[PDB]
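Down below is the structure, laid out as structure tokens.
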Amino acid sequence: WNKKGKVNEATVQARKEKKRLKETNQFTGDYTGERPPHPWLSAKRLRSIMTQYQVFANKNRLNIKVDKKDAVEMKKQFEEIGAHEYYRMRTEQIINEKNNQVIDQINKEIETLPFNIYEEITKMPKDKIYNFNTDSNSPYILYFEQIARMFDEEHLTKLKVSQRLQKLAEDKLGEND
Amino acid sequence: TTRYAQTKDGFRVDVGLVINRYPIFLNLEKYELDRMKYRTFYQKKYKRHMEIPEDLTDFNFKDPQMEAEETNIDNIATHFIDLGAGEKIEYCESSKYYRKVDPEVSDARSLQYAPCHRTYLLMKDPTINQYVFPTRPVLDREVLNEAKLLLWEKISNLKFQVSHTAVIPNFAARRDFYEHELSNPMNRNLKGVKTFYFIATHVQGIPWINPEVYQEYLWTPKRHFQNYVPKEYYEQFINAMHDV
Amino acid sequence: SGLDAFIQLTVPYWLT
Amino acid sequence: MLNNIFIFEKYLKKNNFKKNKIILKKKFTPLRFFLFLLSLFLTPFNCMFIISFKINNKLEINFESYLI
Amino acid sequence: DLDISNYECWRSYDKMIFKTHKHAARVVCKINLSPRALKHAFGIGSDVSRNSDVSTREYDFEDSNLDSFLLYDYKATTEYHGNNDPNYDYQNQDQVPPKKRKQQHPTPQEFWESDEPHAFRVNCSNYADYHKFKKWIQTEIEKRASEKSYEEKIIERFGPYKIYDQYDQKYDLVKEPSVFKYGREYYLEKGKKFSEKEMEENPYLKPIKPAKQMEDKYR
Ligand SMILES: [Mg+2]
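Protein chains in written order, with full-length UniProt numbering: chain A, 23 to 199; chain B, 66 to 309; chain C, 105 to 120; chain D, 1 to 68; chain E, 117 to 335.
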């Protein structure tokens with residue numbers, strides 16, 4: 023014996039508030055609780071981004087043509103470069119299989135424990151499982167002086183350095199550097 | 066009131082460890098480098114990807130390795146000093162910086178035995194001349210992660226810095242029982258021994274282990290893990306190992 | 105539409 | 001070969017999470033949310049074209065392109 | 117108007133399209149194909165980073181016009197639909213509610229080897245010639261079906277996949293670092309070298325000679 027359920031006013035307002043707010047926006051400014059960014063960023067530096075990203079969105083296949091001679095070489099280059107990588111990539115797929123088997127063996131055995139420690143392992147605090155902090159050991163740090171010299175260009179390194187100042191500006195991990 | 070930890074199957078359990086040090090020499094192939102010439106070249110012609118402005122390239126930058134290594138005494142202290150005309154030749158081993166580490170050595174006693182590949186250390190038993198990782202049993206009251214530290218302060222005595230990322234064990238094995246410990250009245254009702262191993266990573270130190278407990282500690286990578294230990298011990302972990 | 109519509113909305117406020 | 005390095009750092013967390021697949025799952029405010037995408041146009045390891053809705057999202061990115 | 121002659125595509129593994137959510141990109145078209153052709157005419161698809169519960173394996177292609185692509189399968193396996201029930205009939209045939217009815221679906225490894233067609237969904241960048249991108253594949257598959265499998269070719273070039281697992285074999289270390297081999301030196305334009313100022317202004321250019329294990333008389 024069960025009857026229909028009536029509506030909550032919460033579902034009502036959300037249906038209506040949107041239509042008030044499709045025209046407006048919630049992202050635009052301190053309407054949202056928003057702190058300013060790292061002051062290394064400036065009004066002019068965003069225009070440096072905008073003025074050139076405005077250029078990238080306006081690109082197409084019709085603003086551009088390419089010579090066939092450049093194209094035919096591009097096959098053998100990126101085909102064989104990829105061929106080395108398919109060999110590399112398909113290994114990880116094979117590797118991760120055997121890695122996951124090892125996890126499956128133990129999870130069968132974790133049941134085969136006493137009462138005390140079996141509580142903790144199942145009921146661990148997520149703070150310990152939630153460690154995504156860096157270390158002195160990170161392959162971007164450990165191999166930095168090597169990798170800085172292995173590339174063909176400084177620009178492709180500048181792809182890394184300018185990338186971090188952004189992410190450092192996001193999590194606010196940069197300060198007065 | 067001592068009782069070693071036991072299962073419903075009845076087996077005994079031992080905390081165990083595996084420790085490593087990240088390799089130092091990266092073997093970047095050409096095809097991973099060949100791009101970095103090509104994809105920049107074809108970009109300059111046609112420019113089908115976002116390029117950077119100039120106002121973002123004004124900041125100050127530091128090499129994290131340059132300034133931090135010139136203060137590390139392990140980096141600073143060079144074992145083998147000689148003289149020369151004015152400037153002098155020197156050398157350091159047992160350090161982590163990549164130049165001073167040599168591409169060709171044989172010192173399995175040292176960390177630098179194979180900088181290309183990663184390696185894991187092993188330990189001989191006083192009972193048997195066989196290489197195994199460190200182990201110890203656990204009481205009915207103690208905890209694996211607690212017992213993990215009881216082993217740690219035992220062999221290390223805070224001479225050896227290591228990070229402990231893993232809290233849940235990564236391996237598990239099932240051995241046949243010892244011959245020596247058959248005398249122990251505890252183990253005869255247990256009928257089995259398991260080894261839930263954890264993994265940790267070397268930092269900013271130098272290996273030292275109390276010769277009282279274990280002696281003659283060596284390194285090896287995944288592949289030459291064959292030689293130093295039998296096959297039944299080999300097949301357990303190698304599915305999970307990493308030859309970087 | 106798409107990513108291009110954040111950018112006329114979010115950015116031009118924080119320029120000032 | 002860097003792709004072959006992160007297999008370890010990702011492996012150990014499979015044991016910590018008891019999962020076969022791991023993603024870092026950040027969620028950003030608007031300004032932060034755009035700059036994280038500027039990062040991703042300008043990686044040396046990946047050339048990208050990005051697609052999205054008008055609303056920020058819990059992004060699900062691999063650690064490989066992650067860095068600080 | 118489509119002409120494969122001047123048109124040229126291939127496969128890539130880092131030049132990609134990026135999504136923030138599964139359905140942010142519009143399904144530009146649909147392609148019906150046996151998966152068995154792809155693995156035989158093309159590489160095995162990489163893992164999924166964008167379509168989490170939907171698909172099982174992606175693909176990343178490119179164009180003469182520098183236009184990226186994607187392919188994937190849409191809810192074709194039990195990984196979304198869930199495993200099959202051996203107790204549920206699958207022959208009741210609309211006696212229970214049709215909304216409650218559930219068809220049987222294939223496992224992936226059974227699915228990928230099948231000759232049966234399946235709609236593969238496409239995503240693109242802005243304004244590519246995806247209509248050309250179809251017949252390229254659809255014709256290219258007609259060739260590579262009879263020719264040869266893609267994996268077996270790479271075993272002939274690079275050998276089988278080497279994981280270093282086997283006790284019976286005896287493997288060989290590697291000792292040469294690629295640092296001292298490679299630098300910007302190789303990848304400069306020929307007939308040129310670094311300015312000796314630039315050589316010193318940029319410390320990164322300064323070559324290194326590998327440290328030498330010097331004789332232990334002197335400690
Ligand atoms: Mg009731």
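Backbone N, C-alpha and C fix where the C-beta goes; we use that ideal spot for every residue, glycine too.
Next on the checklist: Determine whether the beta carbon atoms of residue 376/E and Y188/E lie at a separation below 7 angstroms.
Outcome noted: For residue 376/E there is no data in the structure shown, the boundaries of chain E being 117 and 335.
Checklist entry - Of all the residues that make up the stretch 132-163 of chain A, which are near chain B by a beta-carbon distance shorter than 9 angstroms? => result With the criterion set as a beta carbon lying under 9 angstroms from some beta carbon of chain B, the members of the stretch 132-163 of chain A are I132, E133, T134, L135, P136, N138, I139, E142, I143, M146, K150, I151, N153, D157, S158, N159, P161 and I163, in sequence order.
Next on the checklist: Quick check: is the beta carbon of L187/A nearer than 7 angstroms to any beta carbon in chain C?
Outcome noted: As a working mapping, residue 187/A is identified with position 165 in the first sequence. Under the Cβ distance rule, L187/A does not count among the residues neighbouring chain C, no pair being separated by less than 7 angstroms.
Checklist entry - What separation, rounded to the nearest whole angstrom, lies between the Cα atoms of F310/E and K13/D? => result Position 194 of the fifth sequence, counted from the first residue, corresponds to residue 310/E. Position 13 of the fourth sequence, counted from the first residue, corresponds to residue 13/D. Taking the CA atoms as reference points, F310/E sits about 45 angstroms from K13/D.
Checklist entry - Quick one: complete beta strand (DSSP E) runs, 3+ long, within the stretch 199-280 of chain E? => result Runs of the beta strand (DSSP E) lying entirely within the stretch 199-280 of chain E and spanning at least 3 residues, in chain order: 235-240.
Checklist entry - In chain B, what lies closer than 8 angstroms to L37/D by C-beta? => result Taking the first residue of the fourth sequence as position 1, residue 37/D is located at position 37. Within chain B, no residue has its CB atom less than 8 angstroms from the CB of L37/D, the nearest being about 10 angstroms off.
Item to check | Residue from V170/E, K250/E and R335/E whose Cα sits closest to the Cα of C240/E | outcome: As a working note, residue 240/E is residue 124 in the fifth sequence. The residue with the shortest Cα to Cα distance from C240/E is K250/E.
Next on the checklist: Can you tell me whether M188/B is helix, strand or coil according to DSSP?
Outcome noted: The residue you call residue 188/B lines up with position 123 of the second sequence. Strand.
Next on the checklist: Measuring straight from C-alpha to C-alpha, what distance separates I257/E and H156/E?
Outcome noted: For the purposes of this step, residue 257/E is identified with residue 141 of the fifth sequence, where counting begins at 1. For the purposes of this step, residue 156/E is identified with residue 40 of the fifth sequence, where counting begins at 1. As the crow flies, the alpha-carbon of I257/E is around 9 angstroms from that of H156/E.
Item to check | Assumed close pair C125/E, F177/E - CB separation to whole angstroms, cut-off 8 angstroms | outcome: Numbered from its first residue, the fifth sequence carries residue 125/E at position 9. Numbered from its first residue, the fifth sequence carries residue 177/E at position 61. Taking C-beta atoms under 8 angstroms as the contact rule, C125/E and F177/E qualify, at a distance of about 6 angstroms.
Checklist entry - Sorted by chain position, which residues of the same chain lie with C-beta nearer than 8 angstroms to residue 56/B's C-beta, five sequence neighbours on each side aside? => result Because chain B in this structure spans residues 66 to 309, residue 56/B falls outside the shown range and cannot be described.
Next on the checklist: Pairs of beta-carbons, one from the stretch 37-46 of chain D and one from the stretch 168-186 of chain A, closer than 8 angstroms: are there three or more?
Outcome noted: At 8 angstroms Cβ cutoff, the stretches touch.
Next on the checklist: Can you tell me whether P202/B is helix, strand or coil according to DSSP?
Outcome noted: For the purposes of this step, residue 202/B is identified with residue 137 of the second sequence, where counting begins at 1. Strand, per DSSP.
Checklist entry - What residues from the stretch 77-101 of chain A come within 8 angstroms of chain C, judged by C-beta to C-beta, listed N to C? => result Those would be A79, in chain order.
Item to check | Coil, strand or helix - residue 47/B by DSSP | outcome: Since the first residue shown for chain B is 66 and the last is 309, residue 47/B is missing from the structure and cannot be characterised.
Checklist entry - Whose Cβ in chain D lies nearer than 9 angstroms to the Cβ of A133/B? => result Within the second sequence, numbered from 1, the residue matching residue 133/B stands at position 68. By Cβ distance, chain D contributes nothing, its closest Cβ being about 16 angstroms from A133/B, past 9 angstroms.
Item to check | Endpoints, alpha helix (DSSP H) assigned at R152/E | outcome: Translated into positions along the fifth sequence, residue 152/E becomes position 36. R152/E -> alpha helix (DSSP H) spans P151 to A157.
Checklist entry - What are the residues that DSSP puts in a beta bridge with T260/B? => result Translated into positions along the second sequence, residue 260/B becomes position 195. Answer is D79/B, bridged to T260/B.
Next on the checklist: According to DSSP, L186/E sits in a beta bridge with which residue or residues?
Outcome noted: Here residue 186/E refers to the residue found at position 70 of the fifth sequence. Paired residues: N239/E.
Item to check | Closer than 7 angstroms at the beta carbon, the chain D residues around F49/A | outcome: Your numbering for residue 49/A matches position 27 in the first sequence. Correct list: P30.
Item to check | Given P295/B as reference, the closest of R239/B, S228/B, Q195/B and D167/B once Cα atoms are compared | outcome: Taking the first residue of the second sequence as 1, we reach residue 295/B at position 230. Among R239/B, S228/B, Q195/B and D167/B, the Cα nearest to that of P295/B belongs to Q195/B.
Item to check | Where the beta strand (DSSP E) through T285/B begins and ends | outcome: As a working note, residue 285/B is residue 220 in the second sequence. Run containing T285/B: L283 to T285, per the beta strand (DSSP E) assignment.
Checklist entry - Shortest alpha-carbon distance to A153/E belongs to which of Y266/E, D201/E and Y206/E? => result Here residue 153/E refers to the residue found at position 37 when the fifth sequence is read from its first residue. Selected option, being the one with the closest Cα: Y266/E.
Next on the checklist: With H, G and I counted as helix, E and B as strand and the rest as coil, what does DSSP make of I143/A?
Outcome noted: One-based indexing of the first sequence puts residue 143/A at position 121. Secondary structure at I143/A: helix, using DSSP grouped into helix, strand and coil.
Next on the checklist: Counting only Cβ-Cβ distances shorter than 7 angstroms, please list the residues of the stretch 274-294 of chain E near chain B, keeping chain order.
Outcome noted: So the list reads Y280, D281, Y283, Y287, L289, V290, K291, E292, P293 and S294, given in the order they occur along the chain.
Next on the checklist: Rounded to whole angstroms, what is the Cα-Cα separation between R186/A and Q127/A?
Outcome noted: The residue you call residue 186/A lines up with position 164 of the first sequence. The residue you call residue 127/A lines up with position 105 of the first sequence. Looking at the two C-alpha atoms, the distance is approximately 40 angstroms.
Checklist entry - For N85/A, does the three-state DSSP call read helix, strand or coil? => result Residue mapping note: residue 85/A aligns to position 63 of the first sequence, counting from 1. Of the three classes helix, strand and coil, the one that applies to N85/A here is coil, per DSSP.
Checklist entry - ligand 3: which residues have Cβ under 7 angstroms from any of its heavy atoms, chain order? => result Ligands in the displayed structure: ligand 1; ligand 3 is not one of them.
Checklist entry - Of the choices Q301/B, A133/B, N235/B and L216/B, whose alpha-carbon is the least far from that of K19/D? => result Numbered from its first residue, the fourth sequence carries residue 19/D at position 19. Checking every option, the nearest Cα to that of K19/D belongs to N235/B.
Next on the checklist: For a cutoff of 7 angstroms on Cβ pairs, would you count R171/A as touching chain E?
Outcome noted: The sequence position of residue 171/A within the first sequence is 149, counting from 1. Closer than 7 angstroms: yes.
Item to check | Sequence-distant residues of its chain with Cβ nearer than 7 angstroms to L24/D (five each side left out) | outcome: Counting from 1 along the fourth sequence, the entry for residue 24/D is found at position 24. Cβ within range, chain order: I61, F63 and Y66.
Next on the checklist: Is there a Cβ of chain E sitting closer than 7 angstroms to that of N3/D, yes or no?
Outcome noted: In the fourth sequence, residue 3/D corresponds to position 3, counting from 1. Not closer than 7 angstroms to any Cβ of chain E, the Cβ of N3/D fails to qualify, so no.
Next on the checklist: Considering just the uninterrupted stretch of the alpha helix (DSSP H) at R110/A, what are its terminal residues?
Outcome noted: In the first sequence, the residue the question calls residue 110/A occupies position 88. Unbroken alpha helix (DSSP H) run through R110/A: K90 to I132.
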